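Participant: The structure follows.
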Amino acid sequence: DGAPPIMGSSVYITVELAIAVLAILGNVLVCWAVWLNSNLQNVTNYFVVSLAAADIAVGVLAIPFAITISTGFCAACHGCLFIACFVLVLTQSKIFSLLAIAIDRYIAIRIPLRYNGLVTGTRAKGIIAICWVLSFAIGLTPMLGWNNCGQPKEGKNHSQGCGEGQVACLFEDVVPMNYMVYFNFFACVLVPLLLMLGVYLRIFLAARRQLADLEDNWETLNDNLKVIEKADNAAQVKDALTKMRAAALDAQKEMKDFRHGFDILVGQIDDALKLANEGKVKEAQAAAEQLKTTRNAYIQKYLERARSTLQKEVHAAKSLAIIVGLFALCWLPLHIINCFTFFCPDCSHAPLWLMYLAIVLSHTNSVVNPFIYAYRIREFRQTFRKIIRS
Ligand SMILES: CC(C)CCC[C@@H](C)[C@H]1CC[C@H]2[C@@H]3CC=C4C[C@@H](O)CC[C@]4(C)[C@H]3CC[C@]12C
Ligand SMILES: CC(C)CCC[C@@H](C)[C@H]1CC[C@H]2[C@@H]3CC=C4C[C@@H](O)CC[C@]4(C)[C@H]3CC[C@]12C
Ligand SMILES: CC(C)CCC[C@@H](C)[C@H]1CC[C@H]2[C@@H]3CC=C4C[C@@H](O)CC[C@]4(C)[C@H]3CC[C@]12C
Ligand SMILES: CCCCCCCC/C=C/CCCCCCCC(=O)OC[C@H](O)CO
Ligand SMILES: CCCCCCCC/C=C\CCCCCCCC(=O)O
Ligand SMILES: CCCCCCCC/C=C\CCCCCCCC(=O)O
Ligand SMILES: CCCCCCCC/C=C\CCCCCCCC(=O)O
């Protein structure tokens, strides 16, 4: 006395097709933008393109595969495994791309001087090619023998009248739930997500620490100037200048103007240090006053350009952290439900409508990333305008 299955099926099928169209259109626009604008052609966005290629494949293949496996049609169990598991291949690829982006950004903020030599486009494409081969091996592991094809549901296969060697193609009838929980969720999804959480925490820690160091060196320059103007003994000017020369060199360690600025700064510190060692207090106090002009016309510009760059890395890393968060928000419900089905055999199985609500929610993840770029990355947003208005 249940309502006809095709009614609820029509809603689910229609919602899936709507998601597939939006996932294809949005992520093709991402790939078109990277191809068009040279400012978007860096190593980081090569993983973003690999991320967009997987979401395009979700709408082109994974979502039609989801509609197919919802019917329970008769099929050879191994071809039925590919239909069920190919979305795991695409999802795993996205995990590798997201982990590489966070690692790339950690390298850009921990060792920015060595980034361009270490992280190159040739090495990135190799990483992406390797991670795609690993994603196939991980997602299609049930095809290697870790499946329930050896224990078919003979009642379901005879009721639907399947042929010899065929089974009723159902995700939970062919894909073992211990693979989905232990291997896929715990090892291949949950652990990499916790790793990205650790990488981003180190990124924000590295940014907060470097921002504090610039202010410490900047305040050390100005506070030690007051020590010189109010000094009385030659050693009071010598010790104050010694702690400035270190703060001057430790700050530097149109790019020649920033180097020429520290040369005048440290060159003036050595001048006053020579006068302070000779005992000339007044002549060293006046020599140290010339540092104020150099601080304004040179050092103050570096303080706020290096601060502006670090703040851009914080803002950009937060935008990329949202993509990881929305990935977790879209996929965790489906994983959590699998944990209930596997770990609590005495719990009632999650209802049909909730299963397909979680399945649909995981597919919406292929729609959100182009919106994050448009709202949080100006270079993506301006290129999106240029593409659309033209
Ligand atoms: C380049 C792209 C677009 C090619 C698309 C490949 C897809 C559509 C092909 C490749 C393998 C095929 C599967 C392999 C054989 C199985 C078993 C059969 O009993 C039912 C069909 C089924 C489930 C096929 C469904 C369609 C299938 C998944
Ligand atoms: C990551 C964020 C969105 C958290 C998501 C919470 C979801 C995944 C949780 C909250 C309540 C949970 C449900 C509460 C208990 C019921 C009854 C049980 O017989 C089957 C599991 C089922 C249906 C759970 C399924 C998963 C569930 C719906
Ligand atoms: C990303 C972070 C939040 C980790 C994910 C949380 C998961 C691993 C936790 C949260 C809720 C937990 C479930 C809540 C209680 C149920 C019922 C119990 O009889 C079996 C364990 C089971 C099924 C737990 C399995 C693991 C579980 C799903
Ligand atoms: C089976 C599921 C789990 C298995 C996981 C552990 C496998 C062990 C190690 C595999 C080596 C990696 C193989 C992938 C590399 C393929 C070759 C390639 O494309 O690399 C080109 C790169 O640019 C350089 O040449
Ligand atoms: C451009 C590539 C995408 C175009 C094709 C996708 C549109 C059709 C999607 C899949 C239709 C569902 C096929 C399920 C067949 C069930 C077999 C059965 O009748 O029991
Ligand atoms: C510049 C980078 C281009 C990336 C290209 C991505 C294409 C990767 C192709 C598929 C590799 C699949 C091979 C994996 C074999 C094991 C899977 C299995 O059969 O179980
Ligand atoms: C198969 C060899 C694996 C090692 C090479 C891949 C490089 C590291 C990949 C991810 C491992 C987990 C990353 C955790 C934080 C790493 C960032 C760091 O410590 O610098």
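We name chains A, B, ... following the order of the structure tokens; residues begin at 1 in each chain, and ligands are numbered from 1 as shown.
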Would you name the residues within 6 Å of ligand 2, counting only C-alpha atoms and all ligand atoms, and put them as a PyMOL selection string?
Facilitator: chain A and resi 329+332-333+336-337+340+347-350
Participant: Let me see the file: selected residues, N, CA, C and O atoms, as an mmCIF file, in the first residue's frame.
Facilitator:
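Saved the output as part-v7.cif:
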data_model
loop_
_atom_site.group_PDB
_atom_site.id
_atom_site.type_symbol
_atom_site.label_atom_id
_atom_site.label_comp_id
_atom_site.auth_asym_id
_atom_site.auth_seq_id
_atom_site.Cartn_x
_atom_site.Cartn_y
_atom_site.Cartn_z
ATOM 1 N N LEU A 329 30.705 19.472 4.833
ATOM 2 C CA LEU A 329 29.284 19.648 5.108
ATOM 3 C C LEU A 329 28.422 18.863 4.125
ATOM 4 O O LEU A 329 27.352 18.369 4.496
ATOM 5 N N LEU A 332 29.690 14.600 4.809
ATOM 6 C CA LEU A 332 29.619 13.948 6.114
ATOM 7 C C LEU A 332 28.279 13.275 6.401
ATOM 8 O O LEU A 332 28.296 12.167 6.965
ATOM 9 N N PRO A 333 27.114 13.857 6.074
ATOM 10 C CA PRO A 333 25.857 13.148 6.379
ATOM 11 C C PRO A 333 25.783 11.760 5.770
ATOM 12 O O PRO A 333 25.370 10.812 6.449
ATOM 13 N N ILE A 336 28.079 9.565 7.731
ATOM 14 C CA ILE A 336 27.574 9.312 9.077
ATOM 15 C C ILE A 336 26.437 8.299 9.041
ATOM 16 O O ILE A 336 26.320 7.445 9.928
ATOM 17 N N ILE A 337 25.590 8.362 8.011
ATOM 18 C CA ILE A 337 24.504 7.395 7.893
ATOM 19 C C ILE A 337 25.060 5.996 7.651
ATOM 20 O O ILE A 337 24.554 5.010 8.201
ATOM 21 N N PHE A 340 25.997 4.503 10.901
ATOM 22 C CA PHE A 340 24.858 3.972 11.643
ATOM 23 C C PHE A 340 24.424 2.617 11.097
ATOM 24 O O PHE A 340 24.152 1.691 11.869
ATOM 25 N N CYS A 347 19.674 -0.516 15.207
ATOM 26 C CA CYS A 347 18.966 0.691 14.811
ATOM 27 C C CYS A 347 18.190 0.441 13.527
ATOM 28 O O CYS A 347 18.632 -0.310 12.652
ATOM 29 N N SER A 348 17.023 1.066 13.424
ATOM 30 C CA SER A 348 16.287 1.043 12.169
ATOM 31 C C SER A 348 17.100 1.738 11.085
ATOM 32 O O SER A 348 17.738 2.766 11.326
ATOM 33 N N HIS A 349 17.090 1.162 9.887
ATOM 34 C CA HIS A 349 17.814 1.763 8.779
ATOM 35 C C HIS A 349 17.233 3.136 8.461
ATOM 36 O O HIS A 349 16.019 3.347 8.545
ATOM 37 N N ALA A 350 18.113 4.073 8.116
ATOM 38 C CA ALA A 350 17.681 5.418 7.766
ATOM 39 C C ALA A 350 16.636 5.355 6.655
ATOM 40 O O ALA A 350 16.771 4.557 5.721
#
Participant: Ligand 5: which residues are within 8 Å, counting only C-alpha atoms and all ligand atoms? Reply as a list in words.
Facilitator: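 Based on only C-alpha atoms and all ligand atoms, ligand 5 is surrounded within 8 Å by residues 17, 59, 60, 61, 63, 64, 65, 67, 68, 69, 71, 72, 73 and 74 of chain A.
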Participant: Pick out the residues sitting within 9 Å of residue A:218, and hand them over as number ranges by chain; count only C-alpha atoms, and ignore anything fewer than 5 positions along from it in its own chain.
Facilitator: A: 213, 223, 247, 251, 299-300, 303
Participant: In terms of the shortest atom-to-atom distance over only C-alpha atoms and all ligand atoms, which of A:143, A:322, A:134, A:360 is closest to ligand 7?
Facilitator: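 Checking each candidate against ligand 7, we get A:134 as the closest.
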Participant: Using only C-alpha atoms and all ligand atoms, what does the table of chain A residues within 12 Å of ligand 7 look like, with each row giving the shortest atom pair and its distance in Å to one decimal, sorted by chain and ascending number, as JSON lines?
Facilitator:
{"residue": "A:95", "atom": "CA", "partner": "ligand 7", "partner_atom_place_in_ligand_line": "10 (C)", "distance": 10.8}
{"residue": "A:96", "atom": "CA", "partner": "ligand 7", "partner_atom_place_in_ligand_line": "10 (C)", "distance": 8.5}
{"residue": "A:97", "atom": "CA", "partner": "ligand 7", "partner_atom_place_in_ligand_line": "10 (C)", "distance": 10.7}
{"residue": "A:98", "atom": "CA", "partner": "ligand 7", "partner_atom_place_in_ligand_line": "10 (C)", "distance": 10.7}
{"residue": "A:99", "atom": "CA", "partner": "ligand 7", "partner_atom_place_in_ligand_line": "10 (C)", "distance": 7.0}
{"residue": "A:100", "atom": "CA", "partner": "ligand 7", "partner_atom_place_in_ligand_line": "9 (C)", "distance": 7.3}
{"residue": "A:101", "atom": "CA", "partner": "ligand 7", "partner_atom_place_in_ligand_line": "17 (C)", "distance": 10.6}
{"residue": "A:102", "atom": "CA", "partner": "ligand 7", "partner_atom_place_in_ligand_line": "17 (C)", "distance": 8.2}
{"residue": "A:103", "atom": "CA", "partner": "ligand 7", "partner_atom_place_in_ligand_line": "17 (C)", "distance": 5.4}
{"residue": "A:104", "atom": "CA", "partner": "ligand 7", "partner_atom_place_in_ligand_line": "17 (C)", "distance": 8.7}
{"residue": "A:105", "atom": "CA", "partner": "ligand 7", "partner_atom_place_in_ligand_line": "17 (C)", "distance": 9.9}
{"residue": "A:106", "atom": "CA", "partner": "ligand 7", "partner_atom_place_in_ligand_line": "20 (O)", "distance": 7.2}
{"residue": "A:107", "atom": "CA", "partner": "ligand 7", "partner_atom_place_in_ligand_line": "20 (O)", "distance": 7.3}
{"residue": "A:108", "atom": "CA", "partner": "ligand 7", "partner_atom_place_in_ligand_line": "20 (O)", "distance": 11.0}
{"residue": "A:109", "atom": "CA", "partner": "ligand 7", "partner_atom_place_in_ligand_line": "20 (O)", "distance": 11.3}
{"residue": "A:110", "atom": "CA", "partner": "ligand 7", "partner_atom_place_in_ligand_line": "20 (O)", "distance": 9.1}
{"residue": "A:111", "atom": "CA", "partner": "ligand 7", "partner_atom_place_in_ligand_line": "20 (O)", "distance": 10.6}
{"residue": "A:119", "atom": "CA", "partner": "ligand 7", "partner_atom_place_in_ligand_line": "7 (C)", "distance": 11.9}
{"residue": "A:123", "atom": "CA", "partner": "ligand 7", "partner_atom_place_in_ligand_line": "7 (C)", "distance": 11.9}
{"residue": "A:124", "atom": "CA", "partner": "ligand 7", "partner_atom_place_in_ligand_line": "7 (C)", "distance": 11.6}
{"residue": "A:126", "atom": "CA", "partner": "ligand 7", "partner_atom_place_in_ligand_line": "6 (C)", "distance": 11.8}
{"residue": "A:127", "atom": "CA", "partner": "ligand 7", "partner_atom_place_in_ligand_line": "6 (C)", "distance": 8.7}
{"residue": "A:128", "atom": "CA", "partner": "ligand 7", "partner_atom_place_in_ligand_line": "6 (C)", "distance": 11.5}
{"residue": "A:130", "atom": "CA", "partner": "ligand 7", "partner_atom_place_in_ligand_line": "1 (C)", "distance": 9.7}
{"residue": "A:131", "atom": "CA", "partner": "ligand 7", "partner_atom_place_in_ligand_line": "1 (C)", "distance": 9.9}
{"residue": "A:134", "atom": "CA", "partner": "ligand 7", "partner_atom_place_in_ligand_line": "1 (C)", "distance": 10.0}
{"residue": "A:188", "atom": "CA", "partner": "ligand 7", "partner_atom_place_in_ligand_line": "12 (C)", "distance": 11.6}
{"residue": "A:191", "atom": "CA", "partner": "ligand 7", "partner_atom_place_in_ligand_line": "12 (C)", "distance": 9.1}
{"residue": "A:192", "atom": "CA", "partner": "ligand 7", "partner_atom_place_in_ligand_line": "12 (C)", "distance": 7.2}
{"residue": "A:193", "atom": "CA", "partner": "ligand 7", "partner_atom_place_in_ligand_line": "12 (C)", "distance": 10.0}
{"residue": "A:194", "atom": "CA", "partner": "ligand 7", "partner_atom_place_in_ligand_line": "14 (C)", "distance": 9.1}
{"residue": "A:195", "atom": "CA", "partner": "ligand 7", "partner_atom_place_in_ligand_line": "14 (C)", "distance": 5.3}
{"residue": "A:196", "atom": "CA", "partner": "ligand 7", "partner_atom_place_in_ligand_line": "14 (C)", "distance": 7.1}
{"residue": "A:197", "atom": "CA", "partner": "ligand 7", "partner_atom_place_in_ligand_line": "14 (C)", "distance": 9.5}
{"residue": "A:198", "atom": "CA", "partner": "ligand 7", "partner_atom_place_in_ligand_line": "15 (C)", "distance": 7.1}
{"residue": "A:199", "atom": "CA", "partner": "ligand 7", "partner_atom_place_in_ligand_line": "15 (C)", "distance": 5.8}
{"residue": "A:200", "atom": "CA", "partner": "ligand 7", "partner_atom_place_in_ligand_line": "15 (C)", "distance": 9.5}
{"residue": "A:201", "atom": "CA", "partner": "ligand 7", "partner_atom_place_in_ligand_line": "15 (C)", "distance": 10.8}
{"residue": "A:202", "atom": "CA", "partner": "ligand 7", "partner_atom_place_in_ligand_line": "17 (C)", "distance": 9.2}
{"residue": "A:203", "atom": "CA", "partner": "ligand 7", "partner_atom_place_in_ligand_line": "17 (C)", "distance": 10.2}
Participant: For the residues in that selection, give me N, CA, C and O atoms as a short mmCIF file (atom, residue, chain, number, x, y, z; two decimals), in the first residue's frame.
Facilitator:
data_model
loop_
_atom_site.label_atom_id
_atom_site.label_comp_id
_atom_site.auth_asym_id
_atom_site.auth_seq_id
_atom_site.Cartn_x
_atom_site.Cartn_y
_atom_site.Cartn_z
N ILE A 95 39.71 15.10 -2.94
CA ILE A 95 40.43 15.09 -1.67
C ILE A 95 41.91 15.36 -1.89
O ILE A 95 42.53 16.15 -1.17
N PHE A 96 42.51 14.70 -2.89
CA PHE A 96 43.93 14.93 -3.17
C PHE A 96 44.17 16.37 -3.61
O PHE A 96 45.16 16.99 -3.20
N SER A 97 43.28 16.92 -4.45
CA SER A 97 43.46 18.29 -4.91
C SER A 97 43.36 19.28 -3.75
O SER A 97 44.14 20.23 -3.67
N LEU A 98 42.40 19.06 -2.85
CA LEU A 98 42.24 19.97 -1.72
C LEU A 98 43.43 19.89 -0.77
O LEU A 98 43.88 20.92 -0.24
N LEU A 99 43.97 18.69 -0.55
CA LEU A 99 45.15 18.55 0.30
C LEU A 99 46.38 19.17 -0.35
O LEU A 99 47.24 19.72 0.36
N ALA A 100 46.49 19.10 -1.67
CA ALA A 100 47.63 19.71 -2.36
C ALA A 100 47.56 21.23 -2.31
O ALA A 100 48.58 21.90 -2.17
N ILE A 101 46.35 21.79 -2.43
CA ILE A 101 46.19 23.24 -2.38
C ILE A 101 46.62 23.78 -1.02
O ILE A 101 47.31 24.80 -0.93
N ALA A 102 46.22 23.10 0.05
CA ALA A 102 46.61 23.54 1.39
C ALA A 102 48.11 23.40 1.59
O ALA A 102 48.75 24.28 2.19
N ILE A 103 48.70 22.32 1.09
CA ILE A 103 50.15 22.15 1.17
C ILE A 103 50.86 23.21 0.34
O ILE A 103 51.87 23.78 0.76
N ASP A 104 50.33 23.50 -0.85
CA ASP A 104 50.91 24.55 -1.68
C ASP A 104 50.89 25.90 -0.96
O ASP A 104 51.90 26.62 -0.95
N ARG A 105 49.77 26.24 -0.33
CA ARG A 105 49.68 27.52 0.37
C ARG A 105 50.56 27.55 1.61
O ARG A 105 51.09 28.61 1.96
N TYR A 106 50.73 26.42 2.29
CA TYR A 106 51.65 26.38 3.42
C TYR A 106 53.08 26.62 2.97
O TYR A 106 53.86 27.25 3.70
N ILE A 107 53.45 26.13 1.79
CA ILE A 107 54.79 26.36 1.27
C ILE A 107 54.96 27.82 0.87
O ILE A 107 56.02 28.42 1.06
N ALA A 108 53.90 28.43 0.33
CA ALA A 108 53.96 29.83 -0.09
C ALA A 108 54.11 30.79 1.09
O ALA A 108 54.63 31.90 0.90
N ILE A 109 53.70 30.39 2.29
CA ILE A 109 53.77 31.27 3.45
C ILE A 109 54.90 30.89 4.42
O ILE A 109 55.40 31.77 5.14
N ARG A 110 55.35 29.63 4.44
CA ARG A 110 56.45 29.19 5.30
C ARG A 110 57.80 29.48 4.67
O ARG A 110 58.73 29.83 5.40
N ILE A 111 57.92 29.32 3.35
CA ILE A 111 59.19 29.55 2.65
C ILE A 111 58.92 30.27 1.34
O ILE A 111 59.19 29.72 0.26
N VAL A 119 57.94 24.55 -6.01
CA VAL A 119 56.61 24.23 -6.50
C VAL A 119 56.49 24.79 -7.91
O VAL A 119 56.25 25.98 -8.10
N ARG A 123 56.03 19.90 -11.92
CA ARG A 123 55.84 18.99 -10.79
C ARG A 123 54.37 18.90 -10.38
O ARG A 123 53.92 17.84 -9.95
N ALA A 124 53.62 19.99 -10.53
CA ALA A 124 52.21 19.97 -10.16
C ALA A 124 51.43 19.01 -11.06
O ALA A 124 50.63 18.20 -10.57
N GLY A 126 52.53 16.46 -12.62
CA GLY A 126 52.88 15.11 -12.23
C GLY A 126 52.14 14.66 -10.99
O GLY A 126 51.67 13.53 -10.92
N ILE A 127 52.04 15.55 -9.99
CA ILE A 127 51.28 15.23 -8.79
C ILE A 127 49.82 14.94 -9.14
O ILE A 127 49.22 13.98 -8.63
N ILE A 128 49.23 15.76 -10.01
CA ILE A 128 47.83 15.58 -10.37
C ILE A 128 47.64 14.27 -11.12
O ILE A 128 46.67 13.54 -10.88
N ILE A 130 49.48 11.55 -10.88
CA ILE A 130 49.64 10.44 -9.94
C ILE A 130 48.40 10.30 -9.07
O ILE A 130 47.92 9.19 -8.82
N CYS A 131 47.85 11.42 -8.60
CA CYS A 131 46.70 11.37 -7.70
C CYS A 131 45.45 10.86 -8.40
O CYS A 131 44.57 10.27 -7.75
N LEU A 134 45.85 7.09 -8.37
CA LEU A 134 45.55 6.59 -7.03
C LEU A 134 44.06 6.66 -6.72
O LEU A 134 43.53 5.79 -6.02
N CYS A 188 40.41 7.16 3.88
CA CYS A 188 40.62 7.92 2.65
C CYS A 188 39.94 9.28 2.63
O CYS A 188 40.27 10.10 1.77
N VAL A 191 40.74 11.02 7.51
CA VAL A 191 42.13 11.34 7.82
C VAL A 191 42.67 12.46 6.95
O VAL A 191 43.30 13.39 7.48
N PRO A 192 42.48 12.46 5.62
CA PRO A 192 42.94 13.61 4.83
C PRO A 192 42.27 14.92 5.21
O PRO A 192 42.92 15.97 5.14
N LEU A 193 41.00 14.90 5.62
CA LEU A 193 40.35 16.14 6.04
C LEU A 193 40.97 16.68 7.32
O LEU A 193 41.21 17.88 7.44
N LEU A 194 41.25 15.79 8.29
CA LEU A 194 41.92 16.22 9.51
C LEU A 194 43.32 16.74 9.22
O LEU A 194 43.82 17.61 9.94
N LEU A 195 43.97 16.22 8.18
CA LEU A 195 45.28 16.73 7.79
C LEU A 195 45.19 18.14 7.23
O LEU A 195 46.02 18.99 7.55
N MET A 196 44.19 18.39 6.37
CA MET A 196 44.01 19.74 5.85
C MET A 196 43.69 20.73 6.96
O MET A 196 44.12 21.88 6.93
N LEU A 197 42.92 20.28 7.96
CA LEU A 197 42.67 21.12 9.13
C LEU A 197 43.98 21.47 9.82
O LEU A 197 44.17 22.60 10.28
N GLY A 198 44.91 20.52 9.90
CA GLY A 198 46.19 20.79 10.53
C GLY A 198 47.06 21.71 9.70
O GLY A 198 47.77 22.57 10.24
N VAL A 199 47.03 21.55 8.38
CA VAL A 199 47.82 22.40 7.50
C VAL A 199 47.34 23.85 7.57
O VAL A 199 48.13 24.78 7.69
N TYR A 200 46.02 24.05 7.51
CA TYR A 200 45.49 25.41 7.54
C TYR A 200 45.72 26.07 8.89
O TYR A 200 45.97 27.28 8.96
N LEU A 201 45.65 25.30 9.98
CA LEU A 201 45.98 25.86 11.29
C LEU A 201 47.43 26.31 11.34
O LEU A 201 47.76 27.33 11.95
N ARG A 202 48.33 25.55 10.70
CA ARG A 202 49.72 25.97 10.63
C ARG A 202 49.90 27.18 9.71
O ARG A 202 50.79 28.00 9.95
N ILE A 203 49.07 27.30 8.68
CA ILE A 203 49.14 28.46 7.80
C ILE A 203 48.77 29.73 8.56
O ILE A 203 49.48 30.74 8.51
#
Participant: Pick out the closest residue to residue A:9 from this set: A:314, A:372, A:353, A:133. Count only C-alpha atoms.
Facilitator: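 Among A:314, A:372, A:353, A:133, it is A:353 that comes nearest to residue A:9.
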Participant: At a cut-off of 9 Å, using only C-alpha atoms, what residues contact residue A:31? Leave out same-chain residues fewer than 5 positions from it and give the result as a list in words.
Facilitator: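 These residues fall inside the cut-off: residues 36, 48, 49, 52 and 53 of chain A.
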Participant: I need the residues from that last selection saved to file as a PDB file, in the first residue's frame (with C-alpha atoms), if you can.
Facilitator:
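Result file follows (part04.pdb):
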ATOM      1  CA  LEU A  36      41.559  32.936 -20.287  1.00  0.00           C
ATOM      2  CA  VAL A  48      41.612  24.054  -8.821  1.00  0.00           C
ATOM      3  CA  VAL A  49      41.225  23.000 -12.458  1.00  0.00           C
ATOM      4  CA  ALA A  52      36.729  21.488 -11.377  1.00  0.00           C
ATOM      5  CA  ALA A  53      37.289  18.611 -13.813  1.00  0.00           C
TER       6      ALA A  53
END
Participant: Please extract the residues at most 6 Å from ligand 1, counting only C-alpha atoms and all ligand atoms, and provide them as a PyMOL selection string, using the chain letters and residue numbers of this document.
Facilitator: chain A and resi 75-76+79-80+83
Participant: Grab the residues selected above and save them as a PDB file, in the first residue's frame with N, CA and C atoms.
Facilitator:
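File written: again_38.pdb
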ATOM      1  N   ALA A  75      21.986  -6.347 -13.609  1.00  0.00           N
ATOM      2  CA  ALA A  75      23.262  -6.080 -14.254  1.00  0.00           C
ATOM      3  C   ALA A  75      24.296  -7.051 -13.715  1.00  0.00           C
ATOM      4  N   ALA A  76      25.337  -7.275 -14.516  1.00  0.00           N
ATOM      5  CA  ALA A  76      26.500  -8.005 -14.035  1.00  0.00           C
ATOM      6  C   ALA A  76      27.089  -7.281 -12.831  1.00  0.00           C
ATOM      7  N   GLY A  79      30.134  -4.749 -13.425  1.00  0.00           N
ATOM      8  CA  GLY A  79      29.697  -3.498 -14.018  1.00  0.00           C
ATOM      9  C   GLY A  79      28.819  -2.692 -13.083  1.00  0.00           C
ATOM     10  N   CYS A  80      28.039  -3.374 -12.242  1.00  0.00           N
ATOM     11  CA  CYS A  80      27.273  -2.680 -11.216  1.00  0.00           C
ATOM     12  C   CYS A  80      28.187  -2.062 -10.162  1.00  0.00           C
ATOM     13  N   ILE A  83      29.465   1.287 -11.587  1.00  0.00           N
ATOM     14  CA  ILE A  83      28.421   2.307 -11.515  1.00  0.00           C
ATOM     15  C   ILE A  83      28.338   2.887 -10.111  1.00  0.00           C
TER      16      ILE A  83
END
Participant: Would you kindly return, as number ranges by chain, each protein, DNA or RNA residue with an atom no farther than 8 Å from any atom of stretch 364-368 of chain A, considering only C-alpha atoms and excluding same-chain residues fewer than 4 positions away?
Facilitator: A: 19, 22-23, 26-27, 55-56, 58-59, 326-327, 330, 360, 372
Participant: Could you jot down the atom 20 (C, counted along the ligand's line) of ligand 3 to atom CA of residue A:181 separation for me, Å, one decimal place?
Facilitator: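 Distance between the two atoms: 11.9 Å.
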Participant: Report as a PyMOL selection string which protein, DNA and RNA residues come within 12 Å of ligand 6, using only C-alpha atoms and all ligand atoms.
Facilitator: chain A and resi 43+46-47+49-51+53-54+57+78+81-82+85-86+88-90+93+97+121-146
Participant: I need the residues from that last selection saved to file as a short mmCIF file (atom, residue, chain, number, x, y, z; two decimals), in the first residue's frame (with C-alpha atoms), if you can.
Facilitator:
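Resulting contents of out.cif:
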data_model
loop_
_atom_site.label_atom_id
_atom_site.label_comp_id
_atom_site.auth_asym_id
_atom_site.auth_seq_id
_atom_site.Cartn_x
_atom_site.Cartn_y
_atom_site.Cartn_z
CA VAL A 43 50.38 26.26 -9.72
CA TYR A 46 46.15 23.85 -11.58
CA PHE A 47 44.72 21.85 -8.68
CA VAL A 49 41.22 23.00 -12.46
CA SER A 50 41.68 19.35 -11.48
CA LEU A 51 39.08 20.00 -8.78
CA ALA A 53 37.29 18.61 -13.81
CA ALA A 54 36.08 16.12 -11.19
CA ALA A 57 32.53 14.52 -14.23
CA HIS A 78 31.18 -6.05 -11.63
CA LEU A 81 30.31 -2.08 -8.97
CA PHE A 82 31.75 0.45 -11.42
CA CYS A 85 32.06 3.21 -7.10
CA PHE A 86 33.01 5.68 -9.85
CA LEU A 88 34.27 7.46 -5.05
CA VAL A 89 37.03 7.87 -7.65
CA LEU A 90 35.94 11.44 -8.37
CA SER A 93 40.52 12.99 -6.58
CA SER A 97 43.46 18.29 -4.91
CA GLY A 121 53.96 23.65 -12.92
CA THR A 122 55.76 20.57 -14.25
CA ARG A 123 55.84 18.99 -10.79
CA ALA A 124 52.21 19.97 -10.16
CA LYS A 125 50.95 18.20 -13.30
CA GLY A 126 52.88 15.11 -12.23
CA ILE A 127 51.28 15.23 -8.79
CA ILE A 128 47.83 15.58 -10.37
CA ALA A 129 48.45 12.69 -12.78
CA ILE A 130 49.64 10.44 -9.94
CA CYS A 131 46.70 11.37 -7.70
CA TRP A 132 44.20 10.50 -10.45
CA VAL A 133 45.72 7.02 -10.81
CA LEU A 134 45.55 6.59 -7.03
CA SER A 135 41.93 7.80 -6.96
CA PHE A 136 40.92 5.09 -9.44
CA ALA A 137 42.72 2.40 -7.43
CA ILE A 138 41.10 3.60 -4.20
CA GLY A 139 37.57 4.16 -5.50
CA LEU A 140 37.44 0.93 -7.52
CA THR A 141 38.99 -1.31 -4.85
CA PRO A 142 35.65 -3.18 -4.45
CA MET A 143 36.11 -4.33 -8.05
CA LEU A 144 39.40 -5.97 -7.02
CA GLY A 145 37.47 -8.45 -4.87
CA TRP A 146 36.26 -6.53 -1.81
#
Participant: If you run DSSP on the backbone, which residues of stretch 41-225 of chain A are helix (DSSP H, G or I), as a VMD selection string?
Facilitator: chain A and resid 43 to 69 77 to 110 112 to 118 121 to 139 141 to 144 154 to 159 171 to 174 177 to 225
Participant: So how many Å separate atom CA of residue A:18 and atom CA of residue A:91, to one decimal?
Facilitator: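 One can read the atom CA of residue A:18 to atom CA of residue A:91 distance as 19.6 Å.
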Participant: Might you pull out every residue within 10 Å of residue A:217, with only C-alpha atoms counted and same-chain residues fewer than 2 positions away left off, and present them as a VMD selection string?
Facilitator: chain A and resid 212 to 215 219 to 222 244 246 to 251 303
Participant: Can I get the selection written as a compact mmCIF listing (two decimals), in the first residue's frame, with C-alpha atoms?
Facilitator:
# COMPACT_ATOMS: atom_id res chain seq x y z
CA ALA A 212 53.73 39.82 15.12
CA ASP A 213 57.41 39.78 14.13
CA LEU A 214 57.00 42.76 11.78
CA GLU A 215 55.34 44.80 14.53
CA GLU A 219 58.27 48.95 17.54
CA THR A 220 61.88 48.05 18.38
CA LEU A 221 62.96 50.68 15.84
CA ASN A 222 60.81 53.43 17.35
CA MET A 244 68.50 48.53 16.35
CA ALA A 246 69.97 43.67 14.70
CA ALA A 247 66.31 44.67 14.32
CA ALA A 248 67.26 46.38 11.05
CA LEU A 249 69.04 43.38 9.53
CA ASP A 250 66.50 40.91 10.92
CA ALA A 251 63.73 42.84 9.14
CA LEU A 303 56.17 47.51 6.99
